[PDB]
Amino acid sequence: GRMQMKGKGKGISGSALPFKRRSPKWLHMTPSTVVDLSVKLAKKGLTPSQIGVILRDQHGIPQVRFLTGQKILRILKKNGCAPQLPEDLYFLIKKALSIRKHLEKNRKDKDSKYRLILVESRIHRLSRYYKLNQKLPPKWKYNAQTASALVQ
Amino acid sequence: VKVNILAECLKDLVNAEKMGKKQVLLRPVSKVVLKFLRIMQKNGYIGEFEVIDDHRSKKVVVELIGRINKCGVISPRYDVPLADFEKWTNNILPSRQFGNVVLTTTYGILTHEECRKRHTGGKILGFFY
Amino acid sequence: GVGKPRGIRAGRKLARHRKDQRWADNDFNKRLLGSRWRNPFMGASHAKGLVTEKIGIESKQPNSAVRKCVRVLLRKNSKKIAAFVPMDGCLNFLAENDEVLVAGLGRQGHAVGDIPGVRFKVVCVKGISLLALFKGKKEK
RNA sequence: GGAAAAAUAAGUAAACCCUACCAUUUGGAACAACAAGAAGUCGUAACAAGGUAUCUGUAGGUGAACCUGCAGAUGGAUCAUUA
RNA sequence: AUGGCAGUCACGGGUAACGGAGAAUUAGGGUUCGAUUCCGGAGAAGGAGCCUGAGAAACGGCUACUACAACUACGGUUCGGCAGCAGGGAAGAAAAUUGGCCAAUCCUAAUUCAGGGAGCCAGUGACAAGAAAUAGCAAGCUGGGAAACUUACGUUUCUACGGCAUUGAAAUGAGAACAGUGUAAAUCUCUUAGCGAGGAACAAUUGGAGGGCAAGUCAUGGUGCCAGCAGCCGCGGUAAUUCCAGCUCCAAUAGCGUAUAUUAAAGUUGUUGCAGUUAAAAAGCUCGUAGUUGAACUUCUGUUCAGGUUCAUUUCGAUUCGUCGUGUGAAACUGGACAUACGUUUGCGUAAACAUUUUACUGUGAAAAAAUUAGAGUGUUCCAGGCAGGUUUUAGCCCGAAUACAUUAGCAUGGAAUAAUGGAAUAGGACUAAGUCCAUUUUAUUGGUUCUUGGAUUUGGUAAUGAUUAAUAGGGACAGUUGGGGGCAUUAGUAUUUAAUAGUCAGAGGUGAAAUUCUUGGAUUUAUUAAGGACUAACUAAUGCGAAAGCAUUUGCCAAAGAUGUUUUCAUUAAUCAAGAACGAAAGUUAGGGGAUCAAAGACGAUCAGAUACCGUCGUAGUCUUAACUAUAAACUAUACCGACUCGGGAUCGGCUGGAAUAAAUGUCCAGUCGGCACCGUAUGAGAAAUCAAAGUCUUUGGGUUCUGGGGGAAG
Ligand SMILES: [Mg+2]
Ligand SMILES: [Mg+2]
Ligand SMILES: [Mg+2]
Ligand SMILES: [Mg+2]
Ligand SMILES: [Mg+2]
Ligand SMILES: [Mg+2]
Ligand SMILES: [Mg+2]
Ligand SMILES: [Mg+2]
Ligand SMILES: [Mg+2]
Ligand SMILES: [Mg+2]
Ligand SMILES: [Mg+2]
Ligand SMILES: [Mg+2]
Ligand SMILES: [Mg+2]
Ligand SMILES: [Mg+2]
Ligand SMILES: [Mg+2]
Ligand SMILES: [Mg+2]
Ligand SMILES: [Mg+2]
Ligand SMILES: [Mg+2]
Ligand SMILES: [Mg+2]
Ligand SMILES: [Mg+2]
Ligand SMILES: [Mg+2]
Ligand SMILES: [Mg+2]
Ligand SMILES: [Mg+2]
Ligand SMILES: [Mg+2]
Ligand SMILES: [Mg+2]
Ligand SMILES: [Mg+2]
Ligand SMILES: [Mg+2]
Ligand SMILES: [Mg+2]
Ligand SMILES: [Mg+2]
Ligand SMILES: [Mg+2]
Ligand SMILES: [Mg+2]
Ligand SMILES: [Mg+2]
Ligand SMILES: [Mg+2]
Ligand SMILES: [Mg+2]
Ligand SMILES: [Mg+2]
């Protein structure tokens, strides 16, 4: 299952959403207060996902959308703090670059060359998606040098 | 990679009938799978069945007795004009005397027989006998 | 699985795949490239020729005899051909340099029985049949 | 005024040469196989632990099979011994 | 100006290729042919060019050339062009008469009456098709059956049927003819006088008797592996079921052998429908574009009415050789109707306009070439077949020349499923009101105002304002781990080899024995150091990691990874994959290094008949390393990848979750569970088996996708 690992890649990491869609009974935070916290965290430069984690561990908010009705990114969009490049792609490029970095120096490292090939492969593969779905500028390309200056 | 939910559910079904099992949990499920079951039940093969709402796709428990000799899907879902019916009933079914080839039509999902009585045809789904 | 596409847009790949694999079938291959036309008969059913040699041919194991034969120069081809002469003392009905009518042995390009490698038989001598001559209906 | 011959300019362009190719056949110096068979010659590589276990890749040697180097496979002659 | 076409195969080859209508086979799906009656197209020996016409690049017209045909008094000439008919030559395995007519069918023309090698008629004609003789009935003698009787054999009958180198006359065509039919005439047929049947004639063959394959259980003759048979297996070498013959018998039968292409046989081309662990077959391994393939959710549903269409029958009936009527309920419809519910608005159940995103798909319909094919009607004496026929109501009558099929693409129209695609996420999106522009048909005409209308735009108001889940799909985040995954640095450890410094001495080596070697210049041997290249023992396993190749000393650094844990985030982002790319043992190659061990080549010893081998002593390239190439292995589970589902049991490696003991922890044990590597039982699952928990869920044959195989060699 796990993408681009043929043969044995296949296993199940967890998350399982409970049945109750209604937010929990012990929870006393107004959806507005939540949107406030999430936006504060956001302006502090966090990720929609990282925000999710923070709200869940510290703040007793299990699922933000079942509280608000808006998923975390949509909230970020309306309220204007927006993560210009999708967190998703962002990390993939950060990675491909860390591999670039390490690889320019150790030029005899073959595994990392192959790993790079894989990661860049995924990057393009995500680009197509975010492009056809209008989440990325249409002429936007990942190159070594272009993407290195691209906010990553 | 899941293609054709009808195929999953149908094969798992036949397997459990073949193993002499008394019931089947079936997942995940579609309209088509439920209409296909409503069809086999209406036609006498399976018994009562229950649908389970997990918030996502769904699960379905099927009481079977044992009747089904085989119940298959045909993929791809070919095009079956009224002219071609003869072919498919001779090729797929055990005998003229029984068994059905189910089809999607613009008039809905039908026993091939229901199709002669409705005078239509064209998309083959599966069969059971 | 099955290693073969099933899908309704899969049509050309299917048909092309066959248009390829079909080549492994021998009769198809031999048919499709001219093979017939290049053979000593030039695709034909029989042929006329001249007799170069009367030749004995020792039979394949485990048989011993002397198969009576002839080497013929086909008049259409000018190719040289090794042909068998059937039944008994029919090699006598043949003179060197006659007109002779020659056909396949029934394996379509291959030799039969104990005669090794010889793919053809004699049918007519001058104008007449070997059968006609054998049974002594006519005379040469 | 009409108008035949004859001439004129440009075009259509057959045919014949020269250059360079493609197709279908074909002549040919010089090379030159393969499959089948068995009462020729030298030896015995392989089938049994074929008498050095075979076999694959590669490389070198060499009347002939073949031999030797390195890495590999049991289709092995081992499904197996911490005390 | 720089376009146009191309992996959805351009461009270019090949065709013993003119395209169709169609033909042969056909369970279905297919396969294979169509030079040839009809329709297109092309050409008239090869090219080109023209005249004239309404039409021509004509070719039974002309001009030229190339290549040819006919006359010539040599100078000239041809109404010289068989892929028209007939006929020659040639090629070939292969294909008819130098005939008669316009009577029919039609065509042409100044035209009823003329012409026509179109066409028809005859000849040749085992291309091919249809029907069909080569003998029938009895007698007498019989075989036999059967009864009965007779207790054992005799008799009487012959729904059995047979058999006769015997008797009997009848029957009739092949043949042949007067006549009559038919024809343009001639022939043939058809109708018919006078004729025309008892046996080697009025006589059937062609292939076969071992199996496949119907037919010899010949004490048959010849031949003796010869001659020959035999599609294949095989028969023949002195007793041939297989050759040569005789007898007999079999199979097709006016036909029957043989050769070759093609069809079924063939599930041995596979869509239906095949195979790929070992029979031929999964690509060494990953990434990936074209291509193919894609999770679930939306007017579910209920109630009432009617129309049929089916069903059942303890409802009945009527008649009859089975339909009809009727029940009553029961169905799937079809269509009304109300339910937040397949639409407005207008004119007489049907049109339009408006609105409904497009299509694939499916149901109808139009448009549709005859002959074919399927098929109705019809006794061409049957039949092939033809399109005719049937009737004394006769200066007539009755009836036919159907219908289906007519695939693809266009066209019209009905459609709800399924599949794709759409729509309001920077929204003036939608409805509505009020403004502003740009156009604007009509008001017989131009001008201003307007009106309408139809586009754009600004702003208020109305509405529930508009974002389906969240796949035991996938990407991402994060947290504690885990690993002999990778790259750099570091670092150890004995070991081999060598050297140094000490010792001691005569032998070390090596072998089946030995000999080459080394040795007093002191080897082997002993102790301590040092140099130099490799290599990571033991722990080390049915254990781990890596895409595969492959990866095992310490520590540090660098980037990377799975699994698990998540009430984190994204929201179909995925599967497989021609192109195109990254790797890829060993050996090998190029340019430098390095060189301890082994060690191809080589040098030697031995062994041996010979050893250019196995054994021994040496030894170069190599082995190691930088940069580069190379791309291959039994690169092996000889087993493609993603996804389901089908048995049981312990154990193992990595996470996690509880629980228990202790000496209280990076350790034990117990119970869960997720993911790995496997194993052991077992299958009423699979397979030719060996075997396989997949190699299972396959004639009860279809989850998605690449690849590969089609007897053996030739030959990688
Ligand atoms: Mg999974
Ligand atoms: Mg074949
Ligand atoms: Mg034959
Ligand atoms: Mg043989
Ligand atoms: Mg004879
Ligand atoms: Mg040339
Ligand atoms: Mg040989
Ligand atoms: Mg020999
Ligand atoms: Mg060599
Ligand atoms: Mg053709
Ligand atoms: Mg024509
Ligand atoms: Mg036309
Ligand atoms: Mg002619
Ligand atoms: Mg006339
Ligand atoms: Mg004729
Ligand atoms: Mg005939
Ligand atoms: Mg007469
Ligand atoms: Mg007679
Ligand atoms: Mg014979
Ligand atoms: Mg004899
Ligand atoms: Mg005989
Ligand atoms: Mg083998
Ligand atoms: Mg779907
Ligand atoms: Mg309504
Ligand atoms: Mg040292
Ligand atoms: Mg060292
Ligand atoms: Mg370990
Ligand atoms: Mg070197
Ligand atoms: Mg000796
Ligand atoms: Mg040595
Ligand atoms: Mg614990
Ligand atoms: Mg099989
Ligand atoms: Mg079995
Ligand atoms: Mg087992
Ligand atoms: Mg199959």
# chains A, B, ... in the order shown; residues from 1 in each chain; ligands from 1
$ interface_residues --of "chain C" --to "chain B" --cutoff "8 Å" --atoms "only C-alpha atoms" --output "NGL selection string"
:C and (6-8)
$ write_last_selection --atoms "N, CA, C and O atoms" --output "mmCIF file, in the first residue's frame"
data_model
loop_
_atom_site.group_PDB
_atom_site.id
_atom_site.type_symbol
_atom_site.label_atom_id
_atom_site.label_comp_id
_atom_site.auth_asym_id
_atom_site.auth_seq_id
_atom_site.Cartn_x
_atom_site.Cartn_y
_atom_site.Cartn_z
ATOM 1 N N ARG C 6 -8.565 -6.271 -19.167
ATOM 2 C CA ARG C 6 -9.993 -6.298 -19.350
ATOM 3 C C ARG C 6 -10.416 -4.891 -19.013
ATOM 4 O O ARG C 6 -10.251 -4.439 -17.880
ATOM 5 N N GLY C 7 -10.930 -4.196 -20.017
ATOM 6 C CA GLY C 7 -11.424 -2.844 -19.871
ATOM 7 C C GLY C 7 -11.930 -2.474 -21.237
ATOM 8 O O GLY C 7 -11.502 -3.056 -22.223
ATOM 9 N N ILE C 8 -12.826 -1.501 -21.307
ATOM 10 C CA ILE C 8 -13.563 -1.272 -22.545
ATOM 11 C C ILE C 8 -12.829 -0.309 -23.471
ATOM 12 O O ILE C 8 -13.175 -0.159 -24.642
#
$ interface_residues --of "chain E" --to "chain A" --cutoff "10 Å" --atoms "only C-alpha atoms (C1' of nucleotides)" --output "number ranges by chain"
E: 286-288, 467, 470, 472-478, 485-488, 546-547, 558-570, 572-575, 581-583, 641-643, 674-676
$ residues_near_ligand --ligand "ligand 27" --cutoff "8 Å" --atoms "only C-alpha atoms (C1' of nucleotides) and all ligand atoms" --output "PyMOL selection string"
chain E and resi 484+543-544
$ write_last_selection --atoms "C-alpha atoms (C1' of nucleotides)" --output "PDB file, in the first residue's frame"
ATOM      1  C1'   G E 484      24.891  -6.336  10.143  1.00  0.00           C
ATOM      2  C1'   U E 543      17.261 -13.576  13.122  1.00  0.00           C
ATOM      3  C1'   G E 544      17.687  -8.126  11.024  1.00  0.00           C
TER       4        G E 544
END
$ interface_residues --of "chain B" --to "chain A" --cutoff "9 Å" --atoms "only C-alpha atoms" --output "short mmCIF file (atom, residue, chain, number, x, y, z; two decimals) with N, CA, C and O atoms, in the first residue's frame"
data_model
loop_
_atom_site.label_atom_id
_atom_site.label_comp_id
_atom_site.auth_asym_id
_atom_site.auth_seq_id
_atom_site.Cartn_x
_atom_site.Cartn_y
_atom_site.Cartn_z
N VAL B 1 -5.36 -1.91 -4.76
CA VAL B 1 -6.20 -0.79 -5.10
C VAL B 1 -7.61 -1.29 -5.43
O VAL B 1 -7.79 -2.19 -6.25
N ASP B 54 -21.52 2.71 9.50
CA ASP B 54 -20.30 3.26 10.04
C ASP B 54 -20.30 4.52 9.24
O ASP B 54 -20.88 4.56 8.16
N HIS B 55 -19.72 5.58 9.76
CA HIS B 55 -19.95 6.88 9.13
C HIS B 55 -19.41 7.02 7.69
O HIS B 55 -19.57 8.07 7.08
#
$ residues_around --residues "residue E:555" --least-positions-apart "5" --cutoff "12 Å" --atoms "only C-alpha atoms (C1' of nucleotides)" --output "number ranges by chain"
E: 489-492
$ closest_residue --among "C:136, C:11, C:127, C:116" --to "chain E" --atoms "only C-alpha atoms (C1' of nucleotides)"
C:11
$ residues_around --residues "residue E:628" --least-positions-apart "3" --cutoff "12 Å" --atoms "only C-alpha atoms (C1' of nucleotides)" --output "PyMOL selection string"
chain E and resi 589-592
$ residues_near_ligand --ligand "ligand 20" --cutoff "9 Å" --atoms "only C-alpha atoms (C1' of nucleotides) and all ligand atoms" --output "ChimeraX atom specification"
/E:220-222,239-240
$ write_last_selection --atoms "C-alpha atoms (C1' of nucleotides)" --output "PDB file, in the first residue's frame"
ATOM      1  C1'   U E 220      -3.210 -69.568 -50.501  1.00  0.00           C
ATOM      2  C1'   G E 221       1.315 -68.782 -54.313  1.00  0.00           C
ATOM      3  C1'   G E 222       5.736 -65.607 -55.193  1.00  0.00           C
ATOM      4  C1'   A E 239       6.136 -70.066 -41.775  1.00  0.00           C
ATOM      5  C1'   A E 240       4.729 -61.353 -44.337  1.00  0.00           C
TER       6        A E 240
END
$ residues_near_ligand --ligand "ligand 9" --cutoff "9 Å" --atoms "only C-alpha atoms (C1' of nucleotides) and all ligand atoms" --output "JSON, numbers by chain"
{"D": [59, 60, 61]}
$ select_by_dssp --residues "chain C" --states "strand (DSSP E or B)" --output "ChimeraX atom specification"
/C:46-58,66-74,80-84,99-104,120-125,128-129
$ write_last_selection --atoms "N, CA and C atoms" --output "tab-separated table (two decimals), in the first residue's frame"
chain	number	residue	atom	x	y	z
C	46	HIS	N	2.19	-28.84	-58.50
C	46	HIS	CA	3.11	-29.79	-59.09
C	46	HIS	C	4.14	-29.00	-59.88
C	47	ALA	N	5.08	-29.71	-60.49
C	47	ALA	CA	5.98	-29.07	-61.46
C	47	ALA	C	6.50	-30.06	-62.50
C	48	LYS	N	6.82	-29.54	-63.68
C	48	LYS	CA	7.49	-30.30	-64.72
C	48	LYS	C	8.98	-30.08	-64.63
C	49	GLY	N	9.74	-31.12	-64.96
C	49	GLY	CA	11.19	-31.03	-64.95
C	49	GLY	C	11.87	-32.03	-65.87
C	50	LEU	N	13.20	-31.94	-65.93
C	50	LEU	CA	14.02	-32.83	-66.73
C	50	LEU	C	14.78	-33.74	-65.80
C	51	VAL	N	15.08	-34.97	-66.20
C	51	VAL	CA	15.81	-35.85	-65.30
C	51	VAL	C	17.32	-35.77	-65.49
C	52	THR	N	18.01	-35.22	-64.49
C	52	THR	CA	19.46	-35.19	-64.49
C	52	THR	C	19.97	-36.58	-64.20
C	53	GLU	N	19.56	-37.12	-63.05
C	53	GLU	CA	20.15	-38.38	-62.60
C	53	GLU	C	19.13	-39.40	-62.11
C	54	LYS	N	19.39	-40.67	-62.37
C	54	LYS	CA	18.71	-41.73	-61.63
C	54	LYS	C	19.59	-42.01	-60.43
C	55	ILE	N	19.03	-41.95	-59.22
C	55	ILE	CA	19.86	-42.20	-58.03
C	55	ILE	C	19.21	-43.09	-56.98
C	56	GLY	N	19.99	-44.04	-56.46
C	56	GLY	CA	19.54	-44.86	-55.35
C	56	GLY	C	19.80	-44.13	-54.04
C	57	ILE	N	18.90	-44.29	-53.08
C	57	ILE	CA	19.04	-43.66	-51.77
C	57	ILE	C	18.80	-44.67	-50.66
C	58	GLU	N	19.83	-44.92	-49.87
C	58	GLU	CA	19.75	-45.92	-48.81
C	58	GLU	C	18.87	-45.43	-47.67
C	66	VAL	N	16.99	-49.89	-51.10
C	66	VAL	CA	17.46	-48.82	-51.96
C	66	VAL	C	16.26	-48.11	-52.56
C	67	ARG	N	16.00	-46.89	-52.10
C	67	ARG	CA	14.89	-46.11	-52.62
C	67	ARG	C	15.26	-45.55	-53.98
C	68	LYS	N	14.48	-45.91	-54.99
C	68	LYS	CA	14.74	-45.43	-56.34
C	68	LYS	C	14.33	-43.97	-56.43
C	69	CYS	N	15.19	-43.14	-57.01
C	69	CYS	CA	14.92	-41.72	-57.09
C	69	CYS	C	15.47	-41.11	-58.36
C	70	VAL	N	15.22	-39.82	-58.51
C	70	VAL	CA	15.70	-39.06	-59.65
C	70	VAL	C	16.01	-37.65	-59.21
C	71	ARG	N	17.02	-37.05	-59.83
C	71	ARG	CA	17.22	-35.63	-59.70
C	71	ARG	C	16.80	-34.97	-60.99
C	72	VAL	N	15.88	-34.03	-60.79
C	72	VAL	CA	15.09	-33.38	-61.81
C	72	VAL	C	15.47	-31.90	-61.90
C	73	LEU	N	15.52	-31.35	-63.11
C	73	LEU	CA	15.70	-29.91	-63.24
C	73	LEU	C	14.37	-29.27	-63.61
C	74	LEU	N	13.78	-28.56	-62.65
C	74	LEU	CA	12.46	-27.96	-62.84
C	74	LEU	C	12.53	-26.90	-63.93
C	80	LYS	N	17.30	-27.37	-58.97
C	80	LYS	CA	17.49	-28.82	-58.96
C	80	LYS	C	16.74	-29.46	-57.79
C	81	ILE	N	16.06	-30.57	-58.07
C	81	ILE	CA	15.17	-31.15	-57.08
C	81	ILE	C	15.39	-32.67	-56.99
C	82	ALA	N	15.34	-33.19	-55.76
C	82	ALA	CA	15.50	-34.63	-55.53
C	82	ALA	C	14.14	-35.26	-55.26
C	83	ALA	N	13.69	-36.10	-56.19
C	83	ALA	CA	12.35	-36.66	-56.11
C	83	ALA	C	12.31	-38.20	-56.14
C	84	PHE	N	11.38	-38.76	-55.39
C	84	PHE	CA	11.22	-40.20	-55.27
C	84	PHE	C	10.41	-40.78	-56.42
C	99	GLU	N	10.71	-35.52	-69.82
C	99	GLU	CA	9.85	-34.58	-69.14
C	99	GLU	C	9.19	-35.37	-68.05
C	100	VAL	N	9.10	-34.78	-66.87
C	100	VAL	CA	8.57	-35.50	-65.73
C	100	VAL	C	7.70	-34.60	-64.85
C	101	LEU	N	6.57	-35.15	-64.38
C	101	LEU	CA	5.68	-34.40	-63.50
C	101	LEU	C	5.79	-34.86	-62.05
C	102	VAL	N	5.98	-33.87	-61.17
C	102	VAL	CA	6.44	-34.04	-59.80
C	102	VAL	C	5.50	-33.35	-58.82
C	103	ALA	N	5.12	-34.03	-57.74
C	103	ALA	CA	4.28	-33.41	-56.71
C	103	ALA	C	4.84	-33.59	-55.30
C	104	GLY	N	4.17	-33.01	-54.31
C	104	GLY	CA	4.60	-33.13	-52.93
C	104	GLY	C	4.39	-34.54	-52.43
C	120	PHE	N	9.67	-34.94	-52.67
C	120	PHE	CA	8.84	-34.97	-53.88
C	120	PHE	C	8.70	-36.37	-54.51
C	121	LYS	N	7.63	-36.56	-55.27
C	121	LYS	CA	7.43	-37.84	-55.95
C	121	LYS	C	7.19	-37.65	-57.43
C	122	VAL	N	7.37	-38.71	-58.20
C	122	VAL	CA	7.12	-38.65	-59.63
C	122	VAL	C	5.71	-39.12	-59.94
C	123	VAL	N	5.06	-38.38	-60.83
C	123	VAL	CA	3.67	-38.59	-61.20
C	123	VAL	C	3.62	-38.96	-62.68
C	124	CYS	N	4.12	-38.07	-63.53
C	124	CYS	CA	4.08	-38.37	-64.96
C	124	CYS	C	5.44	-38.51	-65.66
C	125	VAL	N	5.49	-39.37	-66.68
C	125	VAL	CA	6.69	-39.58	-67.50
C	125	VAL	C	6.33	-39.30	-68.93
C	128	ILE	N	2.61	-39.50	-69.88
C	128	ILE	CA	1.74	-40.50	-69.29
C	128	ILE	C	1.91	-40.64	-67.78
C	129	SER	N	1.00	-41.37	-67.14
C	129	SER	CA	1.03	-41.57	-65.70
C	129	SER	C	1.96	-42.71	-65.33
$ residues_around --residues "stretch 430-440 of chain E" --least-positions-apart "4" --cutoff "8 Å" --atoms "only C-alpha atoms (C1' of nucleotides)" --output "list in words"
residues 453, 454, 455, 456, 457, 458, 460, 461 and 462 of chain E
$ write_last_selection --atoms "N, CA and C atoms (P, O5', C5', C4', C3', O3' and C1' of nucleotides)" --output "PDB file, in the first residue's frame"
ATOM      1  P     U E 453     -40.657  43.663 -22.641  1.00  0.00           P
ATOM      2  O5'   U E 453     -39.102  43.717 -22.310  1.00  0.00           O
ATOM      3  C5'   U E 453     -38.259  42.613 -22.595  1.00  0.00           C
ATOM      4  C4'   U E 453     -37.890  42.548 -24.057  1.00  0.00           C
ATOM      5  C3'   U E 453     -36.448  42.178 -24.341  1.00  0.00           C
ATOM      6  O3'   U E 453     -36.208  40.794 -24.246  1.00  0.00           O
ATOM      7  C1'   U E 453     -36.968  44.105 -25.552  1.00  0.00           C
ATOM      8  P     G E 454     -35.720  40.199 -22.839  1.00  0.00           P
ATOM      9  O5'   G E 454     -34.295  39.586 -23.178  1.00  0.00           O
ATOM     10  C5'   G E 454     -34.031  39.083 -24.475  1.00  0.00           C
ATOM     11  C4'   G E 454     -32.705  39.568 -24.995  1.00  0.00           C
ATOM     12  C3'   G E 454     -31.623  39.799 -23.959  1.00  0.00           C
ATOM     13  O3'   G E 454     -31.042  38.615 -23.454  1.00  0.00           O
ATOM     14  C1'   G E 454     -31.635  41.597 -25.467  1.00  0.00           C
ATOM     15  P     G E 455     -30.070  38.708 -22.182  1.00  0.00           P
ATOM     16  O5'   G E 455     -28.647  38.993 -22.833  1.00  0.00           O
ATOM     17  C5'   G E 455     -27.478  39.038 -22.036  1.00  0.00           C
ATOM     18  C4'   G E 455     -26.412  39.876 -22.689  1.00  0.00           C
ATOM     19  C3'   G E 455     -25.548  40.687 -21.737  1.00  0.00           C
ATOM     20  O3'   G E 455     -24.494  39.940 -21.164  1.00  0.00           O
ATOM     21  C1'   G E 455     -26.381  42.112 -23.390  1.00  0.00           C
ATOM     22  P     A E 456     -24.501  39.649 -19.587  1.00  0.00           P
ATOM     23  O5'   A E 456     -23.616  40.825 -18.979  1.00  0.00           O
ATOM     24  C5'   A E 456     -22.286  41.032 -19.428  1.00  0.00           C
ATOM     25  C4'   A E 456     -21.915  42.492 -19.429  1.00  0.00           C
ATOM     26  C3'   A E 456     -21.912  43.184 -18.078  1.00  0.00           C
ATOM     27  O3'   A E 456     -20.768  42.892 -17.300  1.00  0.00           O
ATOM     28  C1'   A E 456     -23.038  44.541 -19.629  1.00  0.00           C
ATOM     29  P     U E 457     -20.953  42.331 -15.806  1.00  0.00           P
ATOM     30  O5'   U E 457     -20.885  43.642 -14.901  1.00  0.00           O
ATOM     31  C5'   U E 457     -19.980  44.695 -15.206  1.00  0.00           C
ATOM     32  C4'   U E 457     -20.528  46.039 -14.798  1.00  0.00           C
ATOM     33  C3'   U E 457     -21.087  46.123 -13.385  1.00  0.00           C
ATOM     34  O3'   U E 457     -20.086  46.290 -12.396  1.00  0.00           O
ATOM     35  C1'   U E 457     -22.620  47.097 -14.891  1.00  0.00           C
ATOM     36  P     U E 458     -20.233  45.561 -10.971  1.00  0.00           P
ATOM     37  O5'   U E 458     -20.841  46.692 -10.030  1.00  0.00           O
ATOM     38  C5'   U E 458     -20.255  47.985  -9.978  1.00  0.00           C
ATOM     39  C4'   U E 458     -21.224  49.008  -9.445  1.00  0.00           C
ATOM     40  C3'   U E 458     -21.960  48.623  -8.174  1.00  0.00           C
ATOM     41  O3'   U E 458     -21.185  48.808  -7.006  1.00  0.00           O
ATOM     42  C1'   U E 458     -23.491  49.517  -9.731  1.00  0.00           C
ATOM     43  P     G E 460     -25.094  48.354  -0.574  1.00  0.00           P
ATOM     44  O5'   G E 460     -26.666  48.514  -0.386  1.00  0.00           O
ATOM     45  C5'   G E 460     -27.389  47.647   0.476  1.00  0.00           C
ATOM     46  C4'   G E 460     -28.876  47.789   0.267  1.00  0.00           C
ATOM     47  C3'   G E 460     -29.729  46.587   0.642  1.00  0.00           C
ATOM     48  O3'   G E 460     -30.008  46.498   2.027  1.00  0.00           O
ATOM     49  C1'   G E 460     -30.364  47.357  -1.492  1.00  0.00           C
ATOM     50  P     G E 461     -29.786  45.108   2.806  1.00  0.00           P
ATOM     51  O5'   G E 461     -31.185  44.349   2.693  1.00  0.00           O
ATOM     52  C5'   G E 461     -32.417  45.053   2.642  1.00  0.00           C
ATOM     53  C4'   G E 461     -33.428  44.298   1.817  1.00  0.00           C
ATOM     54  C3'   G E 461     -33.472  42.795   2.035  1.00  0.00           C
ATOM     55  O3'   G E 461     -34.218  42.423   3.179  1.00  0.00           O
ATOM     56  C1'   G E 461     -33.472  43.260  -0.286  1.00  0.00           C
ATOM     57  P     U E 462     -33.866  41.064   3.962  1.00  0.00           P
ATOM     58  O5'   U E 462     -34.367  39.904   2.990  1.00  0.00           O
ATOM     59  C5'   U E 462     -35.751  39.672   2.774  1.00  0.00           C
ATOM     60  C4'   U E 462     -35.971  38.603   1.734  1.00  0.00           C
ATOM     61  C3'   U E 462     -35.370  37.240   2.038  1.00  0.00           C
ATOM     62  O3'   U E 462     -36.159  36.467   2.925  1.00  0.00           O
ATOM     63  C1'   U E 462     -34.858  37.847  -0.186  1.00  0.00           C
TER      64        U E 462
END
$ interface_residues --of "chain D" --to "chain C" --cutoff "10 Å" --atoms "only C-alpha atoms (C1' of nucleotides)" --output "list in words"
residues 35, 36, 37 and 38 of chain D
$ residues_near_ligand --ligand "ligand 2" --cutoff "10 Å" --atoms "only C-alpha atoms (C1' of nucleotides) and all ligand atoms" --output "ChimeraX atom specification"
/C:24-28 /E:266,268,710
$ write_last_selection --atoms "C-alpha atoms (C1' of nucleotides)" --output "PDB file, in the first residue's frame"
ATOM      1  CA  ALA C  24       4.651 -17.533 -33.174  1.00  0.00           C
ATOM      2  CA  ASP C  25       2.050 -19.688 -34.896  1.00  0.00           C
ATOM      3  CA  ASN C  26       4.066 -21.334 -37.669  1.00  0.00           C
ATOM      4  CA  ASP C  27       1.557 -21.655 -40.514  1.00  0.00           C
ATOM      5  CA  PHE C  28       0.805 -17.960 -40.082  1.00  0.00           C
TER       6      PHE C  28
ATOM      7  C1'   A E 266      -7.443 -25.706 -32.399  1.00  0.00           C
ATOM      8  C1'   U E 268      -2.177 -25.657 -30.579  1.00  0.00           C
ATOM      9  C1'   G E 710       3.222 -21.374 -28.974  1.00  0.00           C
TER      10        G E 710
END
$ residues_around --residues "residue C:44" --least-positions-apart "4" --cutoff "10 Å" --atoms "only C-alpha atoms (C1' of nucleotides)" --output "ChimeraX atom specification"
/C:36-37,39-40,103-104 /E:93,259-261
$ select_by_dssp --residues "chain C" --states "helix (DSSP H, G or I)" --output "PyMOL selection string"
chain C and resi 11-24+26-32+35-38+90-93+130-134
